[PDB]
Amino acid sequence: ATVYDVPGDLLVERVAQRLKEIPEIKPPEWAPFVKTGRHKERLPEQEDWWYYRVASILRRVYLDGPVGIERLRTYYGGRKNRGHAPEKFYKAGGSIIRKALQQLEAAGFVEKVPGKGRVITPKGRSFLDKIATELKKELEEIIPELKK
Amino acid sequence: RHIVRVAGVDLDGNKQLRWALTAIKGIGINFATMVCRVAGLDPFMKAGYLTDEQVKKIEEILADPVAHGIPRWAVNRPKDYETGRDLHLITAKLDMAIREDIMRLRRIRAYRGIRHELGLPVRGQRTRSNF
Amino acid sequence: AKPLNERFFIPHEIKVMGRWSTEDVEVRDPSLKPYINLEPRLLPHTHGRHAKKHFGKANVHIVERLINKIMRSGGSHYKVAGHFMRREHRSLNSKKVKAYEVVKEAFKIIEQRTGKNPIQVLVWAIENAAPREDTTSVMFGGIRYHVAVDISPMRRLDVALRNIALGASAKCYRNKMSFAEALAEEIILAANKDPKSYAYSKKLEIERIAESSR
Amino acid sequence: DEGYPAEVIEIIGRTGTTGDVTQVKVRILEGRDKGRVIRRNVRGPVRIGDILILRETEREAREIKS
Amino acid sequence: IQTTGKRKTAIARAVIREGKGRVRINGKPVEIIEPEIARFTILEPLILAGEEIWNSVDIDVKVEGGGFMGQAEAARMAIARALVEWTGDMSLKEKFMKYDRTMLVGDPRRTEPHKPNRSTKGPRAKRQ
Amino acid sequence: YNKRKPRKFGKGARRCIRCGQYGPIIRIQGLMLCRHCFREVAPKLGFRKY
Amino acid sequence: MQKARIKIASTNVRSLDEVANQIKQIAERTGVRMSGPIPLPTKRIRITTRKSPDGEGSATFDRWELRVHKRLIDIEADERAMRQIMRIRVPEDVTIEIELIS
RNA sequence: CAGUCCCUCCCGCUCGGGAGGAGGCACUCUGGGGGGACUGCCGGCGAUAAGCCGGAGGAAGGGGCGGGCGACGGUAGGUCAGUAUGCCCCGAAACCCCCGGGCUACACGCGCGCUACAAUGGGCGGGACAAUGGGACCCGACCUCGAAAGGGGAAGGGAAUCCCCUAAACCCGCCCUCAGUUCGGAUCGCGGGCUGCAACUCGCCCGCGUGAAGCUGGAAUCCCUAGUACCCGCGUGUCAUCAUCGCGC
Numbered sequence: 002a003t004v005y006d007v008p009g010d011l012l013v014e015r016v017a018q019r020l021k022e023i024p025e026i027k028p029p030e031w032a033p034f035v036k037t038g039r040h041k042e043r044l045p046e047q048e049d050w051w052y053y054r055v056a057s058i059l060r061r062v063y064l065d066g067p068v069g070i071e072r073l074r075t076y077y078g079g080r081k082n083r084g085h086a087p088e089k090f091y092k093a094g095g096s097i098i099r100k101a102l103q104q105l106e107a108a109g110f111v112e113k114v115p116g117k118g119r120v121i122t123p124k125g126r127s128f129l130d131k132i133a134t135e136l137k138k139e140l141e142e143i144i145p146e147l148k149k
Numbered sequence: 005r006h007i008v009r010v011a012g013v014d015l016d017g018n019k020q021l022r023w024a025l026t027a028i029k030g031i032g033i034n035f036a037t038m039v040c041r042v043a044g045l046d047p048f049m050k051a052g053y054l055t056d057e058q059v060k061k062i063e064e065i066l067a068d069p070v071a072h073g074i075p076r077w078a079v080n081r082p083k084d085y086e087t088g089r090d091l092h093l094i095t096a097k098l099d100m101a102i103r104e105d106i107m108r109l110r111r112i113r114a115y116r117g118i119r120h121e122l123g124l125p126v127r128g129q130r131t132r133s134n135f
Numbered sequence: 002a003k004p005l006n007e008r009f010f011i012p013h014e015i016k017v018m019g020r021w022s023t024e025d026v027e028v029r030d031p032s033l034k035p036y037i038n039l040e041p042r043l044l045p046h047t048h049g050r051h052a053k054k055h056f057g058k059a060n061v062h063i064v065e066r067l068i069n070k071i072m073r074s075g076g077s078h079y080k081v082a083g084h085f086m087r088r089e090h091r092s093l094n095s096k097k098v099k100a101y102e103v104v105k106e107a108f109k110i111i112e113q114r115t116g117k118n119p120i121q122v123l124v125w126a127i128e129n130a131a132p133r134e135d136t137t138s139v140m141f142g143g144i145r146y147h148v149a150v151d152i153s154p155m156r157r158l159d160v161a162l163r164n165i166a167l168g169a170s171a172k173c174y175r176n177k178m179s180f181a182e183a184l185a186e187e188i189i190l191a192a193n194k195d196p197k198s199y200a201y202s203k204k205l206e207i208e209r210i211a212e213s214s215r
Numbered sequence: 004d005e006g007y008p009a010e011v012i013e014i015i016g017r018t019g020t021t022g023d024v025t026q027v028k029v030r031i032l033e034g035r036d037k038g039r040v041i042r043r044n045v046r047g048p049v050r051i052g053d054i055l056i057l058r059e060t061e062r063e064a065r066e067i068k069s
Numbered sequence: 004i005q006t007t008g009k010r011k012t013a014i015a016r017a018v019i020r021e022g023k024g025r026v027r028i029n030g031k032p033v034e035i036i037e038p039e040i041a042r043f044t045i046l047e048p049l050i051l052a053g054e055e056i057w058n059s060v061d062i063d064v065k066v067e068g069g070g071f072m073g074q075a076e077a078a079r080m081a082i083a084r085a086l087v088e089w090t091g092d093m094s095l096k097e098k099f100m101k102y103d104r105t106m107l108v109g110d111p112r113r114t115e116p117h118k119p120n121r122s123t124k125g126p127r128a129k130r131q
Numbered sequence: 006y007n008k009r010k011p012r013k014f015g016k017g018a019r020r021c022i023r024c025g026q027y028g029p030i031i032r033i034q035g036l037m038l039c040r041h042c043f044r045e046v047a048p049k050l051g052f053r054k055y
Numbered sequence: 001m002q003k004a005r006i007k008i009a010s011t012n013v014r015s016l017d018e019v020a021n022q023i024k025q026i027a028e029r030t031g032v033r034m035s036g037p038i039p040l041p042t043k044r045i046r047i048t049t050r051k052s053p054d055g056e057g058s059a060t061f062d063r064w065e066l067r068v069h070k071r072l073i074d075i076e077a078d079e080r081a082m083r084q085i086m087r088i089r090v091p092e093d094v095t096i097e098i099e100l101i102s
């Protein structure tokens with residue numbers, strides 16, 4: 002099976018807890034002191050926030066193929082207050098996901114296609130779809146209908 | 005501990021630490037949770053179980069923020085006018101510093117001080133039908 | 002997420018929302034039997050041309066109408082006991098999924114408090130909230146005077162549903178108590194002719210006044 | 004709730020101040036005056052066969068004039 | 004067998020064939036689509052069809068344009084056309100037009116253009 | 006010393022070709038023309054009402 | 001294997017139509033293959049301006065529209081075929097741009 | 001992967017599931033021509049006319065829907081401060097150029113807008129979704145760095161072919177649980193970033209501290225009738241920046 006056959010909300014958590022094992026990915030010293038986006042007003046509640054972000058980023062590499070810095074910044078961008086003026090849509094910060102991309106590439110799960118972004122290695126593909134097949138084999142028991 | 009005194013100002017133990025620190029003027033929620041993380045504690049735990057060692061850690065963090073990992077830019081008054089260092093103003097240390105700034109603006113006869121003396125907006129807001 | 006896909010698949014045998022097939026529900030009042038829709042539907046959201054017909058509201062399902070009434074409660078002329086009832090914060094309008102979820106939870110709350118089909122409780126509440134008299138000005142030579150008037154059954158349905166929604170929205174307003182709880186409680190009070198249902202109370206008020214203006 | 008349902012058999016025509024009110028003819032299907040024809044008033048849209056509820060059978064609307 | 008269905012600006016292309024019974028929207032299962040209200044309308048039509056034909060064919064539909072709910076409407080629209088084309092059975096067609104006329108008809112509603120004097124608020128929204 | 010300062014920006018930068026106004030100069034792919042002027046010349050452009 | 005891409009822009013649909021008729025009737029006379037004429041999405045330019053010359057009065061606006069039609073024709077590399085395209089009489093309103101691609 | 005033999009890759013229970021190249025026009029999309037809807041047919045009303053109502057079928061019915069085009073005349077309405085323009089004034093001034101300030105200044109009355117007065121909420125991750133347009137002293141992917149404002153390079157594109165580009169509203173799993181406050185951000189200081197020669201008067205943004213009133217608002221009164229009203233965002237003119245601005249999606 003593939004990632005497409007499972008909900009993303011549970012899969013991102015599974016991927017985060019799995020990648021927490023490999024030490025290639027690590028929040029830098031400035032990580033706990035920066036909120037997850039310019040569009041965000043308050044700091045993340047949890048401290049696992051770093052490892053979800055990578056777990057999100059890698060997921061899109063499975064879906065959107067070669068995607069660079071700015072489009073990813075756009076996807077994570079969100080709605081923010083502007084005083085008396087109404088809310089507006091803004092873009093997430095750059096380095097937060099940039100260093101995540103470098104960590105993912107150094108881990109060997111992804112590779113770079115210059116001028117186009119970064120794509121996912123067959124190792125990363127096999128890892129993600131193994132997690133997905135684990136999740137689907139699980140989910141077929143609680144939900145029989147997924148066997149079809 | 006229904007009452008927990010930190011650096012001269014009381015906090016209620018019912019409130020979470022990230023919310024308890026906000027009772028300190030000169031410390032906000034973004035600072036509250038960030039010092040919660042610096043202390044290594046859960047942001048949401050009850051301040052009623054704040055043993056005094058955590059209080060000493062909090063005040064010593066406030067003594068020097070940069071030495072405890074707090075970035076130079078999370079402080080309220082970075083690059084202090086009198087020493088060129090980044091320190092997090094708080095309580096009277098915030099109050100008299102802003103008063104010094106007001107005196108600075110007044111003694112220079114600048115527009116900002118002119119408005120500060122008259123109770124007018126420093127940044128050129130239009131008051132034809134407002135204020 | 003197991004409750005989600007559960008509720009997705011359980012009404013596979015043609016059921017309202019997720020549960021409570023409507024064969025059990027019975028319309029006691031003879032007037033609203035030919036005007037309340039009880040057809041078997043999975044999802045009660047047609048988007049159809051019910052507005053674009055003279056009596057397109059006959060074919061709209063009852064729960065769909067309830068969601069529609071919930072849709073539009075904040076900010077208007079009415080000030081119940083001096084309250085600008087207004088939904089500044091995430092108003093239900095243009096957001097049918099939120100009202101769908103809220104009425105889902107209200108159905109569950111009605112069910113477990115009553116231990117029976119919430120839909121029949123809604124039917125009883127509407128039947129017991131429906132007014133029977135109103136007034137209107139009629140003139141002759143310019144001298145107005147109020148005259149007692151009977152109401153068409155569909156208008157009775159409309160006003161009863163809107164009054165129930167009014168009571169729910171007012172109850173939840175400015176308060177700790179959430180909206181679905183307010184709605185379920187209003188339905189429950191209305192089902193048994195309790196005078197603290199805003200719907201049932203206002204029904205009593207309108208049935209008065211016309212009582213003396215005959 | 005001692006109401007008296009009755010069935011709309013004919014619409015006389017619009018009446019009342021705004022014309023919103025409709026003058027109708029209704030047959031009493033039950034009660035002490037079973038089968039009686041009554042001229043009555045209605046608020047809200049009406050059709051041929053609506054089961055109008057009556058608080059009383061005593062009230063009969065004044066004849067409309069043109 | 005191919006089938007098309009338009010809605011608002013959502014357009015759905017569906018292909019159906021003999022198969023297990025799997026139904027895939029944009030390559031994602033019909034059962035794990037996050038909007039539950041949209042999932043209900045997506046799964047409305049085939050319920051009347053019966054589980055035999057549900058499990059006798061496999062259907063894959065790709066949608067684009069409009070919102071999620073417009074996409075669901077288009078998916079269901081194309082689904083009914085495709086399935087009644089496969090069966091060619093009048094009785095099910097009768098069942099559909101009994102439950103809903105748009106199953107084989109479609110909703111031609113489209114947005115009216117906004118007009119001046121507060122163009123943002125809509126064609127019929129004016130000042131005080 | 007009596008020459009106007011060249012202005013690359015600001016309202017003084019642009020100028021209606023026909024009537025010589027500094028007011029609303031529309032630049033849909035660069036007409037350099039006043040709003041009042043455009044009305045009298047649009048049909049001559051081949052523009053059409055619909 | 002070499003082909004010529006030709007793009008014709010015209011504000012007049014009919015001035016485009018007879019020129020397309022000319023280039024297409026060239027094809028079968030020349031006995032050279034011709035892919036059918038591809039009509040690109042017609043480009044609409046919209047301009048809106050208030051009617052009032054001064055500020056007084058209600059708000060009324062005029063919306064002028066320019067529809068320019070674009071069409072593509074792709075033909076083989078036949079010297080006799082392409083020798084007869086520069087002899088085509090083209091109206092002033094129409095414009096022709098030809099690239100020779102492999 | 002319309003179907004697609006052919007080749008490659010990932011998973012797996014080897015059945016099957018998914019992605020890329022060839023591939024042909026299926027189908028979408030697009031633009032040229034034509035048909036279809038004409039009271040067309042049936043029933044009633046209408047004097048048997050005009051016409052109206054009802055019914056069927058049909059994507060679409062009773063001017064199909066939405067628009068453009070808006071006379072004879074008046075409003076000594078406004079526009080000569082855009083153009084042309086009679087009379088009259090100045091004509092080294094009332095002509096021209098430049099600098100600086102002002103065109104914002106302020107106890108308020110007042111029209112029209114945005115936000116707030118929070119459970120609906122606030123915060124953390126993930127899931128599905130547009131088109132208007134616009135792009136060459138330009139759109140700029142993409143690479144690198146800075147938490148960011150942004151900085152260095154640069155593919156493609158003068159336009160179905162490159163980019164603006166993602167939707168948001170919504171839901172999923174979780175924490176805060178009703179208070180002028182875990183709402184609200186005005187106001188105030190520091191540092192940093194951006195356009196312009198320069199942005200105190202007189203721009204915007206990034207982080208910290210700061211937290212204002214307001215907890216639904218009397219008289220009065222506006223708007224709307226189906227993709228309509230409400231909610232939500234995006235493009236576009238002015239523009240180097242600057243909108244709660246205007247038009248459109």
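Protein chains in written order, with the authors' numbering: chain AV, 2 to 149; chain AP, 5 to 135; chain AI, 2 to 215; chain AZ, 4 to 69; chain AL, 4 to 131; chain AQ, 6 to 55; chain AM, 1 to 102.
Cβ coordinates follow ideal geometry from the N, Cα and C atoms, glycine included.
1. Give a yes or no on whether the C-beta atoms belonging to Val32 of chain AM and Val94 of chain AM are separated by under 7 Å.
2. Using beta carbons (cut-off 7 Å, strictly below), is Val40 of chain AZ in contact with chain AI?
3. How would you list, in chain order, the residues of chain AL whose beta-carbon sits under 7 Å from the beta-carbon of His13 of chain AI?
4. May I ask you to report which of helix, strand or coil DSSP gives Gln34 of chain AQ?
5. Taking DSSP as the reference, what is the three-state secondary structure of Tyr102 of chain AL?
6. For the beta strand (DSSP E) containing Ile189 of chain AI, list its first residue and its last residue.
7. Run down chain AL in chain order and give the residues with a C-beta less than 7 Å from the C-beta of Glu146 of chain AV.
8. Please list, in chain order, the chain AL residues whose beta carbon lies closer than 7 Å to that of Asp6 of chain AV.
9. What are the boundary residues of the alpha helix (DSSP H) that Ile8 of chain AM is part of?
10. Taking C-beta pairs closer than 7 Å, name the residues in chain AL that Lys149 of chain AV reaches, listed in chain order.
11. In the DSSP assignment, find the unbroken beta strand (DSSP E) run with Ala9 of chain AZ in it and report its ends.
12. Do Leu109 of chain AP and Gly117 of chain AP count as a contact pair if the criterion is CB distance below 7 Å?
13. Taking 8 Å as the threshold, find out whether the segment 170 to 190 of chain AI comes into contact with the segment 19 to 33 of chain AL through three or more Cβ pairs.
14. Give the DSSP-derived three-state secondary structure of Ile7 of chain AP in the structure shown.
15. Assuming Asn118 of chain AI and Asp30 of chain AI form a contact by the criterion Cβ under 8 Å, report the distance between their Cβ atoms to the nearest whole angstrom.
16. For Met72 of chain AL, does the count of other Cβ atoms within 10 angstroms reach 16, so buried, or fall short, so exposed?
17. Which runs of the alpha helix (DSSP H) spanning at least 4 residues fall entirely within the segment 69 to 149 of chain AV, listed in chain order?
18. By how many angstroms is the C-alpha of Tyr85 of chain AP removed from the C-alpha of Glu121 of chain AP?
19. Cutting at 8 Å between CB atoms, please list the residues of its own chain near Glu106 of chain AV, excluding the five before and the five after it.
20. Decide if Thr105 of chain AL is buried, meaning its Cβ has at least 16 other Cβ atoms within 10 Å, or exposed.
21. In chain AI, which residues lie less than 9 Å from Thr20 of chain AZ when you measure between Cβ atoms?
22. Could you tell me which chain AL residues have their CB closer than 8 Å to the CB of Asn6 of chain AI, listed as they occur along the chain?
23. Go through its chain and collect everything with a Cβ distance to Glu106 of chain AI's Cβ below 6 Å, but skip five positions before and after it.
24. Starting from the N-terminal side, write out each stretch of the beta strand (DSSP E) that is 3 residues or longer and does not extend beyond the segment 41 to 74 of chain AL.
25. Taking the straight line between their C-alpha atoms, what separation do you get for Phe9 of chain AI and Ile132 of chain AV?
Let me lay it out:
1. no
2. no
3. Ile50
4. Residue state, collapsed to three classes: coil.
5. helix
6. Here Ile189 of chain AI belongs to no beta strand (DSSP E); instead the alpha helix (DSSP H) covers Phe180 to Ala192.
7. Within chain AL, the C-beta atoms nearer than 7 Å to that of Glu146 of chain AV come from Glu34, in chain order.
8. Within chain AL, the residues near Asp6 of chain AV are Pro32.
9. Per DSSP, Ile8 of chain AM belongs to no alpha helix (DSSP H); it is in the beta strand (DSSP E), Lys3 to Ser10.
10. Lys23, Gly24 and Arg25
11. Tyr7 to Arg17
12. Yes. Within cutoff.
13. no
14. strand
15. Rounded, the Cβ-Cβ distance is 17 Å, inconsistent with contact.
16. The residue is buried, with at least 16 neighbouring Cβ atoms inside 10 Å.
17. Segments of the alpha helix (DSSP H) lying fully in the segment 69 to 149 of chain AV: 70 to 77, 96 to 107 and 123 to 143.
18. 21 Å
19. Around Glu106 of chain AV: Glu112, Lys113 and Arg119.
20. buried
21. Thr137, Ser138, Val139, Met140 and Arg145
22. Those within 8 Å of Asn6 of chain AI in chain AL are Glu34 and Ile35.
23. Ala181
24. 60 to 67
25. 25 Å
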